[PDB]
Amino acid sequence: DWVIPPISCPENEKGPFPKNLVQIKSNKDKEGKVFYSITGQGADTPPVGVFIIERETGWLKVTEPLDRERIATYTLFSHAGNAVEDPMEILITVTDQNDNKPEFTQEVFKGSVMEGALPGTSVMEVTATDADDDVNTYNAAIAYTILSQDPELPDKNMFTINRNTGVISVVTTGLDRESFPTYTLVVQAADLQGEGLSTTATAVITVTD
């Protein structure tokens, strides 16, 4: 049964507004003039005015930029001195722009490793979240990297981090508590699979007995 498909509108759109989205028509306009109006969130119930229509032509318009991370989808109902048609469900989908950076769940992550641990030993896990669409885009696909290690002894790279999981592991023998009891790592989480927006955090690794 012929229905209007979901209307997709990207967020963060620039001017000028109003901007046309879709036109709806009732073939009952053949006999006489029809008055169009829409209801729902974004037009009737809050929020208000985001989506409007002009009753003479039936052009569904948007009047201000959208934000997918607030309202991801709208559902409206189009209408036509008497009712002409049973209401039509008009679904509006806000498509994603990469406008949020990955954030670590905390600023400092604590972790501990045993001295003499063999390479591959899991030390700790850092975690970040990105608020963008991680199912239809890469705007939330996070890669983890190590930006620095302090100190650089016995080796410059005592640890590695898994690009996808954030697990930090030992890669080199020689961890010694009496020698170097603490390591500080700056970790970065970037979206677009590591090529996009980033933030940093700190991992503090204590070497135990």
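We number the residues from 1 along the sequence you see.
Visitor: Hey, how big is the hole between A80 and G81 in terms of deposited residues without coordinates: none, 1 to 3, 4 to 9, or 10 or more?
Guide: Gap between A80 and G81: 4 to 9 residues without coordinates.
Visitor: Do the CA atoms of 36 to 44 or those of 179 to 187 have the higher mean B-factor in the entry?
Guide: Result: 36 to 44.
Visitor: On mean C-alpha B-factor from the PDB entry, just flag whether 47 to 55 or 158 to 166 is the higher one.
Guide: The stretch with the larger mean CA B-factor is 47 to 55.
Visitor: Which one of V84, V126, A72, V113 shows the top CA temperature factor in the record?
Guide: Reading the PDB entry, the winner on C-alpha B-factor is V84.
Visitor: Can you tell me which of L118, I92, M88, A131 has the highest Cα temperature factor in the record?
Guide: Out of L118, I92, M88, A131, the record gives the largest C-alpha B-factor to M88.
Visitor: Should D150 be placed in the lowest, middle or highest third of its chain by the C-alpha B factor in the entry?
Guide: Lowest third - that is where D150 ends up once the chain's C-alpha B-factors are sorted.
Visitor: Which third, lowest, middle or highest, does the C-alpha temperature factor of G194 belong to within its own chain?
Guide: Its C-alpha B-factor belongs to the lowest third of this chain's values.
Visitor: Using only modelled residues of the chain, where does the Cα B factor of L66 rank: lowest third, middle third or highest third?
Guide: Middle third by C-alpha B-factor.
Visitor: For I205, does the deposited CA B-factor place it in the lowest, middle or highest third of the chain?
Guide: It falls in the bottom third of the chain.
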